[PDB]
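>
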Amino acid sequence: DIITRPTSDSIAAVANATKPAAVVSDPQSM
Amino acid sequence: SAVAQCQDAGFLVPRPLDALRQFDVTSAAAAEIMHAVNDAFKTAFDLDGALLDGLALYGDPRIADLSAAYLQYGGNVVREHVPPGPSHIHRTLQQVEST
Amino acid sequence: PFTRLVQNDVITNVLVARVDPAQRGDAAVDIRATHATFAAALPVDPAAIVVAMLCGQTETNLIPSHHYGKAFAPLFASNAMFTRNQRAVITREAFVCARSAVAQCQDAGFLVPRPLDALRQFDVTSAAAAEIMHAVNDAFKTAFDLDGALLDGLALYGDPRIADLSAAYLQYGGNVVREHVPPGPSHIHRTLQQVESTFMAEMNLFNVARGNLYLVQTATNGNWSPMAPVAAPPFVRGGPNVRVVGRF
Amino acid sequence: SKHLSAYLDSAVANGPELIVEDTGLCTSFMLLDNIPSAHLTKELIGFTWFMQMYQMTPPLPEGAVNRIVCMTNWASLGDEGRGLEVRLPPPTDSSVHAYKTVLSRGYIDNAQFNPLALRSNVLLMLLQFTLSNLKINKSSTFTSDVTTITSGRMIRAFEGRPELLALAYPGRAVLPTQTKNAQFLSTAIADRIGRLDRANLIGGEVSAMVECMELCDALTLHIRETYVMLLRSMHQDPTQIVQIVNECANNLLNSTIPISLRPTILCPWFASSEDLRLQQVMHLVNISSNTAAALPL
Amino acid sequence: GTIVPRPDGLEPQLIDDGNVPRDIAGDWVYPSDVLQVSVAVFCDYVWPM
Amino acid sequence: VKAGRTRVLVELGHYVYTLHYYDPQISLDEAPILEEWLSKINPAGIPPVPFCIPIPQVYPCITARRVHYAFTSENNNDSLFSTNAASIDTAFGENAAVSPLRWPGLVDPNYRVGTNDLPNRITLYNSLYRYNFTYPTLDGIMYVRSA
Amino acid sequence: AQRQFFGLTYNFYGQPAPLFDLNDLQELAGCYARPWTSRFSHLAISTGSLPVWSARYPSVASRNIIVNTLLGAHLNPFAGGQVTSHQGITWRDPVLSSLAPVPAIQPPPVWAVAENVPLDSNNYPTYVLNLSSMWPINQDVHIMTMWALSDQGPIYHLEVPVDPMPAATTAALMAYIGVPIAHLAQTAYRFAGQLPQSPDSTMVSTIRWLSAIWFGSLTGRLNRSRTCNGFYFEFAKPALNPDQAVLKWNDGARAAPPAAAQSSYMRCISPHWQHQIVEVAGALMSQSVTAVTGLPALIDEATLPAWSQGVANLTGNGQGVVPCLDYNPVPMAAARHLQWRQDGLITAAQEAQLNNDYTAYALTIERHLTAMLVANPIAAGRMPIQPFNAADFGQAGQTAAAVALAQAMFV
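Which chain is which? The protein sequence lines are A, B, C, D, E, F and G, in order.
To get the authors' numbering, take the position in the first sequence, counting from 1, and add 76.
To get the authors' numbering, take the position in the second sequence, counting from 1, and add 868.
To get the authors' numbering, take the position in the third sequence, counting from 1, and add 769.
To get the authors' numbering, take the position in the fourth sequence, counting from 1, and add 175.
To get the authors' numbering, take the position in the fifth sequence, counting from 1, and add 1017.
To get the authors' numbering, take the position in the sixth sequence, counting from 1, and add 1066.
To get the authors' numbering, take the position in the seventh sequence, counting from 1, and add 1.
1) Could you list which residues in chain C have their beta carbon closer than 7 Å to that of residue 75 of chain G, in chain order?
2) I'd like to know whether the C-beta of residue 100 of chain A is nearer than 8 Å to at least one C-beta of chain E.
3) By how many angstroms is the C-alpha of residue 401 of chain D removed from the C-alpha of residue 44 of chain G?
4) Check the Cβ of residue 1021 of chain E against every Cβ in chain A and list those closer than 8 Å, keeping chain order.
5) Can you tell me the Cα-Cα spacing of residue 192 of chain G and residue 397 of chain D, whole angstroms?
6) Out of curiosity, what's the CA-to-CA distance linking residue 900 of chain B and residue 310 of chain D?
7) Thinking C-beta only, is residue 432 of chain D closer than 8 Å to residue 1200 of chain F?
8) According to DSSP, is residue 850 of chain C part of a helix, a strand, or is it coil?
9) Apply the 10 Å Cβ neighbour rule to residue 366 of chain G and answer buried if 16 or more other Cβ atoms are within range, or exposed otherwise.
10) Looking at the secondary structure, which residues open and close the alpha helix (DSSP H) in which residue 1134 of chain F lies?
11) Quick check on residue 347 of chain D: does DSSP put it in helix, strand or coil?
12) Flag this pair as yes or no: are the beta carbons of residue 1066 of chain E and residue 1041 of chain E separated by less than 8 Å?
13) Taking a contact to mean a Cβ-Cβ separation below 8 Å, would you say residue 397 of chain G touches residue 332 of chain G in this structure?
14) I'd like the span of the alpha helix (DSSP H) that includes residue 341 of chain G, first residue to last.
15) Exposed or buried, residue 258 of chain D, counting other C-beta atoms within 10 Å across all chains shown (16 or more means buried)?
16) Measure the alpha-carbon distance for residue 286 of chain G versus residue 194 of chain G and round it to whole angstroms.
17) For chain G, is any of its Cβ atoms less than 8 Å away from the one on residue 376 of chain D?
18) Is residue 232 of chain G helix, strand or coil when you go by DSSP?
19) I'd like the list of long-range same chain contacts for residue 272 of chain G, defined as Cβ closer than 7 Å, with 5 residues on each side in sequence excluded.
20) Closest to residue 483 of chain D by CA distance: which of C:989, C:916 and C:976 is it?
21) What does residue 83 of chain A touch in chain B if you count any residue whose Cβ is under 8 Å from its own?
22) Using the Cα positions of residue 1025 of chain E and residue 1019 of chain E, report the straight-line distance between them to the nearest angstrom.
23) Cβ-heavy atom distance between residue 81 of chain G and the ligand ZN below 7 Å?
24) Put residue 1033 of chain E into one of helix, strand or coil per three-state DSSP.
25) Counting beta carbon pairs with one atom in the segment 874-891 of chain B and one in the segment 936-954 of chain B, are three or more of them shorter than 8 Å?
26) Since residue 996 of chain C and residue 1138 of chain F are thought to touch, with beta carbons under 8 Å apart, how far apart are those beta carbons, to the nearest angstrom?
27) DSSP three-state label for residue 362 of chain G, please.
28) Could you tell me the distance, in whole angstroms, from the CA atom of residue 283 of chain D to the CA atom of residue 264 of chain D?
29) How about residue 291 of chain G and residue 143 of chain G: are their beta carbons less than 8 Å apart?
30) Since residue 1047 of chain E is in the alpha helix (DSSP H), which residue starts that stretch and which ends it?
31) Quick check: what's the CA-CA separation for residue 261 of chain D versus residue 255 of chain D?
32) Give me the subset of the segment 1103-1117 of chain F whose CB atoms are less than 8 Å from a CB atom of chain D, sorted by chain position.
33) Nearest chain F C-beta to residue 56 of chain G closer than 8 Å, yes or no?
34) Specify whether the segment 11-21 of chain G and the segment 858-871 of chain C touch according to this definition: at least 3 beta carbon pairs, one from each stretch, less than 8 Å apart.
35) What is the DSSP secondary structure of residue 837 of chain C, reduced to helix, strand or coil?
36) Just list the residues that DSSP pairs residue 8 of chain G with in beta bridges.
Quick look at the structure:
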């Protein structure tokens, strides 16, 4: 199999802390 | 070579992949690179025991050229460099990157 | 000092003062009338002393340096001596701040900056000072987690407004020493001054305002900002036809 | 026996609590949403926008009216506090209890304040403010962000307190739809964030000292920097320490010290003679001055 | 990737890199970064156009 | 005073204030609040000064003409941070935006590290140091044994 | 110990009276506290943490300057052998423990104002008789003198012996590695300040070396490439705030001792020092050594203000005279950067950039100070900042000689 390893927790914490929603429901969307 | 090619100010190596985007690696980032290369080699050659771990676990992985020295009380410094001999895998690897 | 057979140099009293005698009218008074004196004595039996003098003996071939080397070994193994140093520092800071606090509530005192002097402070009785000093003392005790008696005893005479430390001893020949014990340069005291200076500008952040208050009927229909008036205040004091109510 | 035992053993602890460390944010003022913004769903749609619908915590309050209020250690992650705090409520409330330290207890009503004793109470409250802020700005692990909004610098990841991370760096905001907050944040300089410099003494070790920029008010910063300055003032090199100990033993028991790098030690164990004299006099004043007091001594 | 809604029936606008709102219609160049951080809006105001 | 025939200046150097926001779309009279405030003044002390401020609105609204009495003599409005922060713009009410002066180290192009205006103004975004002191015990300093 | 000192009071820049108001005294030496070791009580690690940018005392050096002026009005006993009063304030006791308003019954004589007053310890016998407690006066008087003797930056002394460092100093320094300069300066001031010490003490030699190392690194001669017994100082990036330095120890090549013992006096020739913490700390730290050991030799009068010409026990022009050098930080920085490139620590492109950054930084300091002076004209009766002229920022001074000295000092 191909090799992977988890990143350090601190890296993951920052990355997960910034993930805006891709699709947001608003009434004015053309 | 791998670490040097990810920090765009590091030890001098041919850089065929500089066209690719990459944030400059800090000390912590390079450690992950060092680990992966270490693991890949130990897997490929089926090696037990430490092979390269100290470079990743302690100190800065951004190495340039290893050296050891001792200090005499008279202020004299005796330093012994250990530049590696001619590698073979490195050559073909650089070729693979280029193509 | 150990005096020996010198009649004029016999020390009669060792004394300490909790209060500066300069504040009250005691500049040129007998030292005994201004400082509290110690009193203690231990009655020793001559017979025991004589026996000890004449019945002293030691080991045959004692080496004092070696013996004391073993004896004193366990006594210097810990930070015991350093805790008192730390307590002394905290005591210094607490004392200075307490003096600074009390002085700023009086009209004047031990010459100290008074950035907050614009505020009102009517009661200046010693009772207020005692309450303030206790508040400061308790605050320090809480902050640095102390348990013993800190800064206490100063209020023994019940008037911290003139609290000051000094010591002296009196000789039969009428000679006096009268050493002073002023505090050293603290750190917290300076910061507190800086804080008060800052507060006098940013007081609005503490729900505290400044200036007078007006009361005028106004039937506005648009924007209305009482905290930031745009027009000049009407009928400032001393203006035309403005009256000041009587004091009753 | 109590006095004798006390006077004979000095290893009774009871030392002042000097070392207190903070890993949170060196600030004492909290931005506060006082009046919430209304939610519109029938008319006036689109006039307001919440970061909630984007699953994001806004770096700034977003109420109709926002206030700055004093709240000590409101972001103090880490060690336990000094034990005394100052917490003003928003100006829509009384906030009078913070000014009844003295001359108020049996005198004024619960819902008043003493206008004739204002100066003293204000001073004491500021004193409490000062004491509560006496901490050490401890470092914490830094890291780079592999996200798109990176600035090339490493930042201080508040693991376990993500809301702190959102608050600490307003520059890392994600801005849709140009609100009044956005009109301000959009002017933020890119790289004014995170670690600026460090003292890296030992390979692979934690940096002894680091300099960074983040959310931090000046006043608290000034206080804490003075506090460490005080601590440095009561510290001496090991050579001094061993010499002092040797002298105390009349040059008996002459010990010494190893010679190697000691990167970041700190031994606040000393003072000046004046402080010693002051404490000595103060201690005498505390005790009674009769023969029954000196006897245990 | 901020957009600027406007009242009174004016159709919305987009922030030019010179910090000046511009009309959506026309031609545009998106660096990868701004797209990755503003996809939510792009999916609703640019992509339909 | 309520009849509009008198104007009063209450002199007091400093005090504690209290706010009470209200909707500018409905009728209001500030008299009851003030009368309540007067009903709690003793020789011993006084309650905090009250004030009434309309909530800023995001659209041009129709405001009911209402009566106010109290207002200050200076600009004691420093604690205000911003209004209608989550909105495109403040239409009717007072329009406070985030003042850059408190954030020089975040928006000022000419900001230099290590500067401030501490005695006069407080800046919320600055640069600071952090430490990693260790606290060795006495025996950790020296050879503790017999000498 | 050291049973004697000499001193000199400040100069009035044309004004008729010493320049400080009551508030300055009340704030900087009030509370009836001892003023004798307060110089670091209002300093910290960096300017950013200090209220030195506005209002009263709007400069790094401002407070210590006013202190020196304040002392000039009360050091009469070492000039005329008597305690006096000035504007109603005097010492509480013959020991000069602290200040207080004059008593109403038997006031001391009023001080007659004068400037640049020479001072002798011998004029006040009680000082020696109470040396054990009056020792702190020695340090501060020395500091005041070392500043009063010069316009622009204060004067301090440097020296390097022909011997290697003793082991004791080595161990001490190995515990001061990560410490910034400001903290180091405090300890030196604290050490010599509070109790008499003999010059043949470990700390004395220790601080002496620190001053040497600081200067050697300041000139750029001491770097990661070349170090004194493994030690050297590291300076912050000019791009952010170059006004910071920390100690470092490294496995780089060690510089050889000089062929003969080197020593000289130093000062900053440009007004930048007034708002630059590294200059203040370095001067105070160096001056602390001379305070405990006394002046090794008379200072050369050749390049000193008019009032400093031929001051007894302080300045001279004879054979037994040590020259004093001076420098401007901007040319010094260029020299330091050039040395780095020649050592190979940086490229030429970097060196050009560093010069631009540092010059830009220095310009801000000048712009701040010059604006601050007109805000506090000296005619107002108090001097928070020393006066200067616009051209003073452009003086190169003896900078070329200075780096030459370090060249000879660390071979």
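A virtual CB, placed ideally from N, CA and C, is assigned to each residue, including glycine.
With the given structure in hand:
1) Within chain C, no residue comes near residue 75 of chain G; the closest Cβ sits about 14 Å away, beyond 7 Å.
2) yes
3) 8 Å
4) By Cβ distance, chain A contributes nothing, its closest Cβ being about 13 Å from residue 1021 of chain E, past 8 Å.
5) 25 Å
6) 36 Å
7) no
8) helix
9) buried
10) Careful: residue 1134 of chain F lies outside any alpha helix (DSSP H), inside the beta strand (DSSP E) at 1132-1138.
11) helix
12) yes
13) yes
14) 330-343
15) exposed
16) 12 Å
17) yes
18) strand
19) 153, 370, 389, 393 and 394
20) Because chain D in this structure spans residues 176 to 472, residue 483 of chain D falls outside the shown range and cannot be described.
21) 900
22) 20 Å
23) With respect to the ligand ZN, the structure shown offers nothing to examine, as it has no ligands at all.
24) strand
25) no
26) 6 Å
27) helix
28) 21 Å
29) yes
30) No alpha helix (DSSP H) holds residue 1047 of chain E; DSSP gives it neither H nor E.
31) 16 Å
32) 1106, 1108, 1110, 1111, 1112, 1113 and 1114
33) yes
34) no
35) helix
36) G:120
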